[PDB]
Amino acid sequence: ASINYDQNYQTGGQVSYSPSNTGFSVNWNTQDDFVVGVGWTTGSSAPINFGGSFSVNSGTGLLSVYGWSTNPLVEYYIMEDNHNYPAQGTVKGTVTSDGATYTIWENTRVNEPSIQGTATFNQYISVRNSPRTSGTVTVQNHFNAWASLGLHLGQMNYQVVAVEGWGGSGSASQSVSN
């Protein structure tokens, strides 16, 4: 498509984010959560390509296609990689997509910050069983699998490839496209 959205969220500590036309770079050393990455203002069904490096020296680190949905309000993740990630919520099932199987989870965030202000909403997460830092993510396979398990999505809002972390340091240089 063409990246037209820059996800830049951070609460504290050392987070050096460098967005670009074809991707982004991040170096961090923080105790606080941050979500940075690049993508699109309105997500679609187009298979998303990502690639590069993603190192987590310590703490929690996640590399994933991240996004939102409205009516209902939904925060979703399709984790291609994760370290020291406190698996929260309820497992719903699985979906085999793009070279590996993903365990699907549903979680709820009460009075949490969102694109609609602080609200309560659900999370639809797909965690890859075989972590990678390079590949393609056929997003429709996840949306279909989510819908079939009762994980209902609304209108598509932004959709980015993001790195999220806290409790340590690490770095990532990723190329994003679709």
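Each residue number is its position in the shown sequence, starting from 1.
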Of 108-116 and 66-74, the stretch whose C-alpha atoms average the higher B-factor in the entry: 108-116
Output the stretch having the higher mean C-alpha B factor in the entry; the candidates are 1-9 and 169-177. 1-9
The residue of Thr30, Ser58, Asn141, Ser130 with the maximal C-alpha B-factor according to the PDB record is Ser130
The largest CA temperature factor among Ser126, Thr136, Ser53, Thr42 is found at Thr42
Tell me, lowest, middle or highest third: where does the Cα B factor of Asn84 rank within its chain? middle
Chain-relative C-alpha B factor for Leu151 (record values, thirds): the highest
Compare the C-alpha B factor of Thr94 with those of the other modelled residues in its chain, then answer lowest, middle or highest third. lowest
